[PDB]
Every structure is written in C-alpha cells, then in structure tokens.
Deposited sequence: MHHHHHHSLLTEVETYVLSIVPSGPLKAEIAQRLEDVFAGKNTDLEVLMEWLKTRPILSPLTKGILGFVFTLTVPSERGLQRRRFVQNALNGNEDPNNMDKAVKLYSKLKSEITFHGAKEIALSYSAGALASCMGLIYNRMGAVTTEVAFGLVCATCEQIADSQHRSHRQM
C-alpha cells in the first residue's frame, strides 16, 4: 500500500534508535496530510544526529515529495561526488524513468544502476520534481535505499 512500501525502504537505512521512531511518525503524519509544514520538518531534519548527510537527503527528498506545499543540505548530499560517470548514468537512468508510470517499474530499472548514480539521479530530480510521476520518484528513493541496505551486511 504505497506508504507502507516507502515507509519500509526509507525507514530501513535509518539507524536503529529513537530517531527511527520520530521519523516514522512524521512519515505517516505527512502521508496522511496531518502536519505538512515542509520547512518545519526540514529544520528538524537538518539538526538530527546519527543520520548521515545522504540519509538526510533521501529523507528530505521524500518529504519534499509527499507534501502539497528547496534546501542546500539535501541537495548537496544527493549530488555529492558529482562524479562525471555517476552523473552520466544518472542522466541515462532519468531519461528511462520519464517513460515510467509505476513504482515498480521505476524501482526495477533503478536497481540496474549504481548507488552513486541513484544518488545522483535523485539530486537531479530534487530540482525537477515534476519531471517524473510521483510513484516513479518513490521507486527511485526506494531502490536507492534498498541497495544502501544490500551493502550494510556482516561477515
């Protein structure tokens, strides 16, 4: 059910703790439409401990996307590197997602790319949020999160 799928790919990369609680709550809040001030949330997010800049960006992005009403700290994190090759393949991924309509198609083709590219793709979409349907944008964030979580593992 849409919310529950981004709610569990996003919540995934967030390190276990109390922060995990508040974020979930703000997630299902805005997903309902309860408390929709984006700058209220952005302010809270920017100040948060534990969360890497990237994680903050993915979260910013999602929030920006789920609200009905742009921050540098988000933008900087997704773009990071600005590695010419991640970028080149961000642009290639992006063009494919323009033709996409569903969360699942977007998600599937996104996982055929690198973590660097997906971060980059998001940094392109952040400033072009309308350029892709909402399901497809989420499918990007979820794919991004998923691979972040296919690295985080032991031995």
Note to self, deposited ranges with zero CA coordinates are 1-7, 77-81, 168-171
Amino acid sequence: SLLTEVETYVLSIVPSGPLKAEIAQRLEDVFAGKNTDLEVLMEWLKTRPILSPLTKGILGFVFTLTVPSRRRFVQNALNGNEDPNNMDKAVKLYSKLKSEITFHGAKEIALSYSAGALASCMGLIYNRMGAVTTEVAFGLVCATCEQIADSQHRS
From here on, numbers count along this sequence of modelled residues.
Assert higher mean C-alpha B factor (28-36 or 100-108, deposited values) equals 28-36
Comparing mean C-alpha B factor in the record for 13-21 and 128-136, the higher one is 13-21
One of 60, 123, 53, 68 has the largest Cα B-factor in the entry, namely 68
Binned into thirds over the chain's modelled residues, the C-alpha B-factor of residue 44 lands in the highest
